[PDB]
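Under the authors' numbering, read the sequence shown as residues 1 to 140, first letter to last. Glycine included, C-beta positions come from ideal geometry on N, C-alpha and C. Single-structure report; data block below.
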Amino acid sequence: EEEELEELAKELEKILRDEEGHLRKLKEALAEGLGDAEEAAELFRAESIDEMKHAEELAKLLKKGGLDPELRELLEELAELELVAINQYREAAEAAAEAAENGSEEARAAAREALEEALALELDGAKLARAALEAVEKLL
């Protein structure tokens, strides 16, 4: 029982580190304004694939048995948070792609709102991965 929790705790550690990374790169784009719209559009598309990997690992562990009821709910909440983040990453990438081709002032503000909304979802993603890793550490 201990070594299936250890591997699981290794997973939240990777997810937690990846979330803390996306946090900083997102404010960096926020600091640079739009900068190169292609920069943000290429960055969003890559990080949505990162959240892709996270939700897939969690679902495989969610199919496992013997999980503590409270631990399963935190993983279920995180997996839900990942799918909504993959959404907002796509809405922000398309708004940055429309701003790159057009120079549109509306596609600019729309890419910034979707950037800011993706940032708020990333704060709670790291917070949920922190609380989940803390619960597993208590079980160990």
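Host alpha helix (DSSP H) of residue i (start-end)
i, result
"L61", "37–62"
"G125", "105–139"
Burial state of residue i (16 or more Cβ within 10 Å)
i, result
"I15", "buried"
"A111", "buried"
"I49", "exposed"
"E82", "buried"
"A31", "exposed"
"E38", "exposed"
"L34", "buried"
"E19", "buried"
"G125", "buried"
"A29", "buried"
"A120", "exposed"
Nearest-angstrom Cβ-Cβ length linking residue i and residue j, presumed shorter than 8 Å
i, j, result
"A114", "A97", "Rounded, the Cβ-Cβ distance is 12 Å, inconsistent with contact."
"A132", "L43", "Their Cβ separation, rounded to whole angstroms, is 26 Å, which puts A132 and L43 out of contact at 8 Å."
"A85", "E116", "In fact, because the Cβ distance is near 13 Å, the residues do not count as touching under 8 Å."
Helix, strand or coil at residue i according to DSSP, with G and I counted as helix
i, result
"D68", "coil"
"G21", "helix"
"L12", "helix"
"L30", "helix"
"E1", "coil"
heavy atom of the ligand SAH below 7 Å from residue i C-beta
i, result
"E4", "The ligand content of the structure shown is nil, which means the ligand SAH is not present either."
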